[PDB]
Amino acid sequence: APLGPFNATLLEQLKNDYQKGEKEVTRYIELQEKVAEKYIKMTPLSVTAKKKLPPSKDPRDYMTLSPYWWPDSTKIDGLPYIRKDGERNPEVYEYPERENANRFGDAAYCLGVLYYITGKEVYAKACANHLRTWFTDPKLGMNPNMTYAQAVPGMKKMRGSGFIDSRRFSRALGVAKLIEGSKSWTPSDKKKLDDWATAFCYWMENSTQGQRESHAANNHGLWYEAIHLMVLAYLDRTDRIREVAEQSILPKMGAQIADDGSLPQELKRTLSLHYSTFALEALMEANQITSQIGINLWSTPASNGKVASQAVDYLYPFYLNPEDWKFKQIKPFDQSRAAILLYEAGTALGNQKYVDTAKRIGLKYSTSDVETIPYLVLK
């Protein structure tokens, strides 16, 4: 499979069994095709579909509200907003690209993966329509920056924390590699998207917000590099992937994993079991890419000997019994998010207990959740 943001071993396995006519996989993929029909019909979304413009006056600039920031009722105008960690302010739904970037990413990811498995041009054609409109269209495509992501009303300082919103469309950028060679994805489409991704990568690496987010000491820094690797893999910069893993990701794990395997930065959050998991999910998506060029992020040590498997070990009994979690968790933890994580970490580590638990938790066979498409092994 081409380099991209997915378990390549599982995708290659699905395509091969589908091409041999294997009954269980053929039936599974035929279910997924029924699920994907809505994305063939879906009108492509654009970041420009908003009324309230960002301070640039440019509808092509992505803008969202940082989700944990609320108006202050003791201020006459509610300004400046104040932080309530773990409490999502419903005002976030006033910025259409918060949910539309998710809907776009799901649509393009599903369609590109189904084109890779089946070879049906109808999937590449629809994938291409979503990609062109979200990324490259000179009127409807988004500017390659995250300047106004997770803005906060009244906040004086610039922040890079909104960059983490990019993971919702950077997975779609990576899956675009899967539709290269189709009739629908022309050399002109590829050149424009190569150019967009080059500009997005430039902004990521050199803007102040990008720089600050690259140095964040919690899951923001881990997710930044997961996104970075998606952009770099799209652009075939395998040398850069090696450098990022060795000079950013591994040092970050070494600093963020404690000696007992806990993630102290996540333990002080109000949703601490969720944010411990979210950190490892960032490592999990990074590893899907690094392991396609021979770097296993679950078992490769930092310079201090700490390994990401130690973080899984610490959390494993709490994936078995979330009720035993002893740190602040002000909403219930969804055990199901452990399923793909424990499968990913278990296979990478040869840890059969992890894989068994991933299957016992499982995923629903007929779920339409697009990220579960490769994981028939869990359904």
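Each residue number is its position in the shown sequence, starting from 1.
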Entry B factor averaged over C-alpha atoms, 197-205 against 258-266: higher for 258-266
Avg C-alpha B-factor, entry values, 77-85 vs 222-230, higher side is 77-85
The residue of 59, 322, 67, 55 with the maximal C-alpha B-factor according to the PDB record is 322
Among 105, 210, 187, 141, highest Cα B-factor in the entry goes to 187
So, residue 308's CA B-factor, relative to its chain, sits in which third? The middle
Of the three thirds of Cα B-factor ranks in this chain, residue 182 occupies the highest
Chain-relative C-alpha B factor for residue 115 (record values, thirds): the highest
Of the three thirds of Cα B-factor ranks in this chain, residue 43 occupies the middle
By the entry's values, the third containing the CA B factor of residue 174 is the lowest
